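The block underneath contains the structure these notes are about, expressed in structure tokens.
2 protein chains.
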Amino acid sequence: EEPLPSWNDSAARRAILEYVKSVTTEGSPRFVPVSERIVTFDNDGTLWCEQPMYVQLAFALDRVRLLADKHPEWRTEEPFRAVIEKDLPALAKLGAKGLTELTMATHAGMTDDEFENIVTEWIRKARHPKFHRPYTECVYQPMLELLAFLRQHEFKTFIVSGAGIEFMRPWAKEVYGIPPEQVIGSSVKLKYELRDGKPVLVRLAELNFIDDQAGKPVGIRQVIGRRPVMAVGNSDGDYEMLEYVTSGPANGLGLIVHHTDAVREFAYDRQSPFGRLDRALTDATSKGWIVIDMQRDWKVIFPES
Amino acid sequence: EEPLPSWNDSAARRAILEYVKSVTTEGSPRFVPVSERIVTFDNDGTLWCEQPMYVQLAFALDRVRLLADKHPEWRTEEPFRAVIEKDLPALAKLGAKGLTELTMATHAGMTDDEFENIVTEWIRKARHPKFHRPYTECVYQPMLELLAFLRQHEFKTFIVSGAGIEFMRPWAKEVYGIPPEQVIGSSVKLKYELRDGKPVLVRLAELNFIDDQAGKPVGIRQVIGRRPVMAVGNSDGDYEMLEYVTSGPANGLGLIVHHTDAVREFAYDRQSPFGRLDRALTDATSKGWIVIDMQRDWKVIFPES
Ligand SMILES: [Ca+2]
Ligand SMILES: [Ca+2]
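Line order of the protein sequences matches chains A and A'. A prime marks a further copy of an entry chain.
For what it's worth, the deposited numbering labels the leading residue of the first sequence as 24, then goes sequentially.
For what it's worth, the deposited numbering labels the leading residue of the second sequence as 24, then goes sequentially.
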């Protein structure tokens, strides 16, 4: 049909269409005013691919390798040692905090614009080792359809990710239709100064915020100032975001992207170092969280090139 | 004329109309794509009245008075002593940091929703000691017109204030047409938990962010992810915000609300404990900042009741 053409008939497609209709039709008992139609998405594993590692970790790896010729101490200092020796099991222990700390330690003292240029150049030159396309083409076509569908019904679509806010902001508008003011992520602190008479923001070697696990409802409440009426995630790091939206007196809709398709994408859940999905999957039924089976529910995974 | 009906012919009205036309007309050399049309306003002294004190300070005063029966130590502990003894000169030393610390110390341990209810009840019951109307009716009608005019031309209007984000969010949408996700302010840290099975955010006795002076470009860059193309302020605390927008290679528009009208509002600048305007006023000409003379440039100050 017209809406969600890459989605087969499934629990998830039925729930999405029913819910959006119910909250946007004047006179419906569940009608939500346009201004309150906030929906939050994780990025890694929800909107795009996160195997064999988080894309920002791939970026951090290349950056460390490029910088390593000035750092004899990195042959022994963690996590740089793991990065240099290509030790993927060690790197899986970083999490959101470790990933932003690694990025923080390697890009302090430069401006926001300098960092953006670095990210932009990397994300157009690097490619996925499996798909041999830019990482920004390893986005999920069915989720692009979902984003458009929601925006057509006057939802504001936000990203709420553990990844670095400034890693996603350079390309999220072009790729997802999501502007920088609707991207929430982990961050370092900034300092204002003038350089050559030019006002700039400079990155500090200090953490500002880690937007994962119980951090997600905090990031949402601080930045958006509203409880979202819908949320989509894929891992146990999304548990609190989904709960905040769906549980107690709130009656919002939560969905989980379940990676079940080893042929067209990757199959993983409870054992995965990246995007581990276990506790949230077990509790889905009791919470009313609707699970998207990628293998069965999506007609295509990625957009045509 | 149709646009800005409460604005007389003035440098400010000419600059606003010219600039908005220039950046929103297809084919103009200064055309700014719709997605980039970000404008930032201070609140206190820019959108509404801040004499005889910041409205949030009035709120904090009432809250301290209500709570004082449980705090024998407040007879000696500052700033509570000053609040109790009605010592306005001492209270003028607080600034944005002190104001948020005072609010932080008196509302820790309650939920975001509990705090919102407290603010909402106060702001509808309290009244300005001069105008004898709710503080939310002591907003500037010409600025309401400016906000509408900008939104009609597809600008996104943000507040960027030193005051508490959660003090403004309960009423800013109704009063200014600005939703919570477009309010930037000072804040305390939050913690996620469940209370009676209900997911909530709880206020901590810990500062998160102070959004004043050189903090304003930081708050803007972190939350919005964009340099605004226009900004309006009124005090020296807005200097960095205006500079960030107008100076160096950026060529945005900055305006300053100058309180020159003692008859219809308040007259103050260089000597005022609240909304002190001195360094920014002296530098306005050199920066290209356009000064709004309230006495001469505005046909009315407040909306009709
Ligand atoms: Ca994820
Ligand atoms: Ca001000």
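Think of the CB as a built atom: it goes at the ideal place given N, C-alpha and C, for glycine as much as any other residue.
query: Minimum Cβ-Cβ distance from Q245/A to chain A' less than 8 Å; result: yes
query: Closer than 7 Å: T283/A CB and nearest ligand 1 heavy atom; result: no
query: Sheet register partners of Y291/A' (DSSP bridge); result: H282/A'
query: Closest by C-alpha distance to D136/A', when choosing among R249/A, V62/A, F172/A, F103/A; result: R249/A
query: Boundaries of the beta strand (DSSP E) in which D301/A' is found, first to last residue; result: From DSSP, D301/A' is part of no beta strand (DSSP E); its letter is neither H nor E.
query: First and last residue of the uninterrupted beta strand (DSSP E) at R226/A; result: 221-232
query: Near ligand 2: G121/A' beta-carbon under 7 Å from a heavy atom; result: no
query: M133/A to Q79/A span [Cα, whole Å]; result: 18 Å
query: Span separating the alpha-carbon of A83/A' from that of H155/A; result: 59 Å
query: Alpha-carbon to alpha-carbon, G275/A and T269/A; result: 5 Å
query: Pick from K310/A', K196/A', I39/A', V62/A' that is closest to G220/A, judged by C-alpha positions; result: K310/A'
query: Residue nearest to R104/A in terms of C-alpha spacing, selected from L125/A, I313/A, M191/A; result: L125/A
query: From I243/A', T47/A', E139/A', residue whose alpha carbon lies closest to that of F172/A'; result: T47/A'
query: Strand pairing of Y215/A', partner residues [DSSP]; result: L224/A'
query: Heavy atom of ligand 2 within 7 Å of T63/A' beta-carbon; result: no
query: Any chain A beta carbon closer than 8 Å to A237/A'; result: yes
query: One or two residues paired with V314/A in a DSSP bridge; result: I279/A
query: N- and C-terminal bounds of the beta strand (DSSP E) containing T123/A; result: Segment 118-129 is the alpha helix (DSSP H) holding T123/A; no beta strand (DSSP E) there.
query: Pair within 8 Å by beta-carbon distance, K179/A' and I61/A'; result: yes
query: Three-state secondary structure (DSSP) of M253/A; result: strand
query: Reduced DSSP secondary structure (H/G/I, E/B, other) of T63/A'; result: strand
query: Closer than 7 Å: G118/A' CB and nearest ligand 1 heavy atom; result: no
query: Short Cβ contact (8 Å threshold) for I146/A' with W71/A'; result: no
query: Member of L265/A, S328/A, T69/A, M166/A whose CA lies at the smallest distance from the CA of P26/A; result: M166/A
query: Host alpha helix (DSSP H) of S184/A (start-end); result: Careful: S184/A lies outside any alpha helix (DSSP H), inside the beta strand (DSSP E) at 179-187.
query: For residue 329/A', three-class secondary structure by DSSP; result: For residue 329/A' there is no data in the structure shown, the boundaries of chain A' being 24 and 328.
query: Proximal chain A' residues relative to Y163/A, where beta-carbon distance stays under 8 Å; result: Neighbours of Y163/A on chain A': none; closest Cβ ~23 Å, over 8 Å.
query: Counted within 10 angstroms of its Cβ, other Cβ atoms place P203/A' as buried (16 or more) or exposed; result: buried
query: Inter-residue CB distance, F297/A and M76/A (contact presumed, cutoff 8 Å); result: 6 Å
query: Cβ pair count under 8 Å reaching 3, the stretch 230-241 of chain A' against the stretch 201-218 of chain A; result: yes
query: Any 3 or more C-beta pairs closer than 8 Å across the stretch 222-235 of chain A' and the stretch 110-123 of chain A'; result: yes
query: DSSP state of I247/A' mapped onto helix, strand, coil; result: coil
query: Nearest-angstrom Cβ-Cβ length linking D284/A and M253/A, presumed shorter than 8 Å; result: The Cβ separation is near 24 Å, so there is no contact.
query: Option nearest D85/A' by Cα separation, candidates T69/A', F64/A', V225/A', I141/A'; result: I141/A'
query: Chain-ordered chain A' contacts of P272/A [CB-CB under 8 Å]; result: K221
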